[PDB]
Amino acid sequence: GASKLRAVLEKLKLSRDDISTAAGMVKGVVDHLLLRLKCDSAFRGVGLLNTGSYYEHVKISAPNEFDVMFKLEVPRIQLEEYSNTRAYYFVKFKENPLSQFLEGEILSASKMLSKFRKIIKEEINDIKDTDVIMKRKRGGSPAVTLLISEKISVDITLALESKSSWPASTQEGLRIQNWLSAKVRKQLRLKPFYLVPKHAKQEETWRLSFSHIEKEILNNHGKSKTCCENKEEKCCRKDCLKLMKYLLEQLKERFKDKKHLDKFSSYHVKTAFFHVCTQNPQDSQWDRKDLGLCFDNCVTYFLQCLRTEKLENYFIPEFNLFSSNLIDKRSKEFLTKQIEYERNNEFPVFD
Ligand SMILES: O=C(O)Cc1csc(Nc2cccc(CNC(=O)c3cc(Br)ccc3O)c2)n1
Ligand SMILES: [Zn+2]
């Protein structure tokens, strides 16, 4: 079966590294937006989360779809935990550039997104080169989506940066100690945390964002410092993640007409994969000759999470991604049925 898996990985590589003028058209549009935003006293300290890398995708089956984050440093920050949710907070301070966005003691996520969208939609009209259009949708983050030329899309998210100790909810999270080490857990937690506008079921809440840590773990994934740097040390961690992302993206497209899978995203997949990496910390548990075995095990864990209705957040342990108060049993049982059929028929959806 692994020869079908490696064929799927071979086809996914042929669309990645290919010659595309889109990755430069995206960078040119981003730089335009970022320069205009810096003119405003509120958005003066704005810039990309990972500079040099605009080319970031949530979707592995949609190369034309890009996803960027615009970070802004919020000093003198003070958080207040919304309704014992563990993940959702209000933003309070300690005259400030964003004083124009305050409502009582709480920072308006709506009025901040408002000025943010306003500026962008004006910067698009000042581009008579390419036909950029601003799509407006509800959900907090992604804040805005741009369509360059045709069928080339960029999702821009606004994130507040706090160069201070991560919230008390994260104390027992990121259990990488027996895999990536205690030294690494200490280092990563010394990095800043990001907050994106996100509505909790109105309330002007901000949610914790760990996108920078995710990329950090994925680009240095072995117990060995030289994992995947030589022939003797070749693992299948990344290919296992790639395939799980591709399976959920394919099933989501298959049943776009129904509404059962709308609630599932690559984040449920990545959270589940990191729990597997923790459970199997050795590089010898991910040898490249075991791709079929390793992936089936990844599929099995994700399935156990759907059936038991338990998927702990990788960063905030008391937060369950699969609780009944977020995703209904019927939707999880539909996703279980589809994955079980695919696995039993050696993944036809991959084709
Ligand atoms: O924006 C949406 O609707 C889709 C979406 C994105 S994160 C989410 N749920 C979500 C709910 C509660 C607490 C968090 C905290 N963060 C993460 O655990 C996280 C994990 C990885 Br791996 C990568 C980046 C992350 O920040 C997240 N839902
Ligand atoms: Zn490796």
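Residues numbered from 1 in each chain as written, not as in the entry; some residues may be left out. Chains lettered and ligands numbered in written order. Heavy atoms only, no water. Residues with missing side-chain atoms left out of burial classes, pairs and counts.

This entry, as listed in the PDB, derives from X-ray crystallography and reports a resolution of 2.5000 Å.

For the rest of this paragraph, the subject is helix α7 (residues 266-279). Given a rise of 1.5 Å per residue, 14 residues ought to cover 20 Å, and the 20 Å separating the end C-alpha atoms of α7 matches this to within 8%. Among all positions in α7, only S266, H268, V269, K270, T271, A272, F273, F274, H275, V276 and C277 are buried. Buried residues along α7 sit in contact with α5 (211-218), α6 (237-254) and α8 (291-308). (Helix = DSSP H or I, 4+ residues; strand = E, 2+ residues; numbered from the N terminus. Expected span 1.5 Å × (residues − 1). Buried < 20%, exposed > 50% of the residue type's maximum accessible area, 1.4 Å probe, protein only. Contact = heavy atoms within 4.5 Å.)

With that settled, the discussion passes to the coordination of the zinc ion (ligand 2). For the zinc ion (ligand 2), the full set of protein donor atoms is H221 (NE2), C227 (SG), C228 (SG) and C235 (SG), and the range of their distances to it is 2.2 to 2.5 Å. Taken together, the 4 donor atoms coordinating the zinc ion (ligand 2) span angles of 103 to 121° at the metal, a pattern that classifies the geometry as tetrahedral. Read in sequence order, the donor residues for the zinc ion (ligand 2) give the motif H-x5-C-C-x6-C. Since its relative accessible area comes to 11%, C227 is described here as buried. (Donors = N, O, S within 2.8 Å, 3.2 Å for Na, K, Ca; no water. Tetrahedral: all angles 85-135°; square planar, octahedral: opposite > 155°, others 65-115°.)

Attention now goes to the packing of helix α1 (residues 2-13) against α6. Packing of α1 against α6 leaves a shortest axis separation of 11 Å and a crossing angle of 85°. As judged from the angle between their axes, α1 and α6 are roughly perpendicular. Contacts between α1 and α6 pair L5, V8, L9, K11 and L12 from the former with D239, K242, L243 and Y246 from the latter. Tallied by class, the residues present in the contact of α1 with α6 amount to 6 nonpolar, no polar and 3 charged. (Axes fitted to C-alpha atoms, helices over the stretch in contact; angles between N-to-C directions. Parallel < 35°, antiparallel > 145°, perpendicular 65-115°, else oblique. Nonpolar A, V, L, I, M, F, W, Y, C, P; charged D, E, K, R; others polar.)

Looking now at empty space enclosed by the protein. Here the largest cavity is characterised by a volume of approximately 90 Å³. As for the largest cavity, its lining consists of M244, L247, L248, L251, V269, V299, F302, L335 and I339. With 4 residues, the top contributor of residues to the lining of the largest cavity is α6. Tallied by class, residues from the lining of the largest cavity come to 9 nonpolar, no polar and no charged. What the second largest cavity holds in volume is close to 30 Å³. Considering the residues around the second largest cavity, the lining is formed by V29, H32, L33, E123, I124, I127 and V132. Contributing elements (two or more residues each) for the lining of the second largest cavity: α2 (22-37) and α3 (109-125). Per-element accounting of the lining of the second largest cavity gives the leading share, 3 residues, to α2. By residue class, the composition of the lining of the second largest cavity is 5 nonpolar, 1 polar and 1 charged. (1 Å grid on protein atoms, 1.4 Å probe; cavity = no way out; pocket = protein on both sides within 12 Å on 5 of 7 lines; lining within 4 Å. Points joined across faces, edges and corners; volume = space filled by probe spheres on them.)

With that settled, the discussion passes to the site of ligand 1. Around ligand 1, the structure places 16 residues, and the nearest of them are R207, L208, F210, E214 and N313. One of the backbone nitrogen or oxygen atoms of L208 is found 3.4 Å away from a nitrogen atom of ligand 1. For ligand 1, whose accessible area on its own is 610 Å², the fraction buried by protein is 83%. Listing elements by their share of the shell around ligand 1, those giving two or more residues are β11 (206-209), α5 and α7. Grouping the constituent residues of the shell around ligand 1 by class yields 8 nonpolar, 4 polar and 4 charged. A domain-level breakdown of the shell around ligand 1 finds at least three residues from each of domain 1 (1-14 + 166-192 + 210-351) and domain 2 (15-165 + 193-209). (Near = heavy atom within 4 Å. Polar contact = N/O pair within 3.5 Å; in protein donor to acceptor, adjacent residues only side chain to side chain. Areas by Shrake-Rupley, 256 points an atom, 1.4 Å probe, with all protein chains shown as cover. Domains from an automatic or database assignment.)

Another point: the pairing of β11. Sheet topology note: the strand β4 (residues 88-92)/β11 ladder contains 2 bridges and is antiparallel. Bridge assignment links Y89 to a residue of β11, and that residue is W206. Sheet topology note: the strand β10 (residues 193-197)/β11 ladder contains 4 bridges and is antiparallel. By the bridge assignment for β11, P197 is matched with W206. (Pairing = 2+ DSSP bridges.)

By the assigned domains, the protein splits into domain 1 (1-14 + 166-192 + 210-351) and domain 2 (15-165 + 193-209). On a C-alpha basis, the centroid separation for the pair domain 1 and domain 2 is 26 Å. Facing 24 residues of domain 1, the contacting portion of domain 2 comprises 29 residues. Interface of domain 1 and domain 2: buried area, both sides summed, is about 2,200 Å²; carbon and sulfur atoms make up 59% of it. (Buried area = accessible area lost by both parts, 1.4 Å probe.)

Turning next to the UniProt feature "binding site: 2',3'-cGAMP" in the protein. Following the UniProt record, one finds the feature "binding site: 2',3'-cGAMP" at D67, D155, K198 and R207. With respect to the helices and strands, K198 occurs in the loop between β10 and β11. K198 gets classed as partly exposed once you look at its relative accessible area, which sits at 22%. When residues no more than four places from it in sequence are discounted, the contact partners of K198 are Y88, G139, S141, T205, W206 and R207. (UniProt positions renumbered as here; feature names shortened; annotations may be inferred.)

To continue, consider unusual backbone geometry. In the segment running from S141 into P142, the intervening peptide bond is cis, with an omega of 5°. Its place among the elements puts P142 in the loop between β7 (133-135) and β8 (144-148). With a phi close to 65°, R76 is a non-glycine residue in the positive phi region. Mapped onto the fold, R76 is located in the loop between β2 (65-73) and β3 (78-81). The exposure class assigned to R76 is exposed, which follows from its relative accessible area of 61%. Look at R86: it is not a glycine, yet its phi comes out positive at around 80°. Considering the arrangement of structural elements, one finds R86 in the loop between β3 and β4.

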